[PDB]
**Q** 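Please see the structure below; I have some questions.
Side chains included, hydrogens not; waters and symmetry mates left out as well; all remaining heavy atoms used. In what follows, residues are counted from 1 in the order of the sequence shown.
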Amino acid sequence: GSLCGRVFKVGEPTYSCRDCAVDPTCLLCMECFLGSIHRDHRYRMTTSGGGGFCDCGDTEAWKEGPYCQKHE
Ligand SMILES: [Zn+2]
Ligand SMILES: [Zn+2]
Ligand SMILES: [Zn+2]
């Protein structure tokens, strides 16, 4: 697998899976979120303040489903 690493732009949607995130900072970009198991989980979309990055592909950021279809 690979890391997404997408750097969030100010104002861009970010996705936190409440069921799977290890800590509050664990986030997915829209593309990864919708290609992941988390699309059907309890989640929160928050608009980014800019900076940070998508954590898709980080096995320590997710209790389940660390990769999406693109990055696995
Ligand atoms: Zn991503
Ligand atoms: Zn991904
Ligand atoms: Zn989840």
**Q** Would the distance check show the side chain of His38 and the main-chain N or O of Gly65 forming a donor-acceptor pair, the cut-off being under 3.5 Å?
**A** yes
**Q** As an exercise, state the distance from SG of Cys32 to OH of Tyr15, rounded to the nearest 0.5 Å.
**A** 11.5 Å
**Q** Give me the other members of the hydrophobic cluster that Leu27 sits in, counting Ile, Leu, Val, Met, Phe, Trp and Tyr linked by side-chain heavy atoms under 4.5 Å, directly or via other members.
**A** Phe8
**Q** Please output the side-chain donor-acceptor pairs of residues 46-54 that fall under 3.5 Å, not counting sequence neighbours, one pair per line with the distance.
**A**
from: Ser48; atom 1: OG; to: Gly50; atom 2: N; distance (Å): 2.8

**Q** Tell me the salt bridge (charged side-chain N to carboxylate O under 4.0 Å, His left out) pairs involving residues 59-72, sequence neighbours left out?
**A** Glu31-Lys70
**Q** Sorted by first residue and then second, give each salt bridge (charged side-chain N to carboxylate O under 4.0 Å, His left out) pair with at least one member in residues 4-13; sequence neighbours left out.
**A** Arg6-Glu12
**Q** Give the minimum heavy-atom separation between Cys29 and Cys4, together with the two atoms involved.
**A** SG-SG, 4.0 Å
**Q** So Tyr43 and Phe33, would you call those rings parallel, tilted or perpendicular, with 30° and 60° as cut-offs?
**A** tilted
**Q** Could you work out, with side-chain hydrogen bond (donor to acceptor under 3.5 Å, both in side chains) as the rule, every residue matching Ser2, not counting sequence neighbours?
**A** none
**Q** Judged by atom type as modelled, is there a donor-acceptor pair below 3.5 Å linking the side chain of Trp62 to the main-chain atoms of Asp55?
**A** yes
**Q** In sequence, state the C-alpha distance, the side-chain angles, and the governing distance for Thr14 and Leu28, and then conclude on side-chain contact (heavy atoms from CB on, under 4.5 Å).
**A** CA-CA 6 Å; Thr14 74; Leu28 298 169; over 6 Å; no
**Q** Could you walk me through whether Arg18 and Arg44 satisfy the side-chain contact (heavy atoms from CB on, under 4.5 Å) test, starting with their C-alpha distance in whole Å, then the side-chain angles of each, then the deciding distance to 0.1 Å, before giving a yes or no?
**A** CA-CA 7 Å; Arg18 313 310 293 179; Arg44 175 188 309 160; 3.3 Å; yes
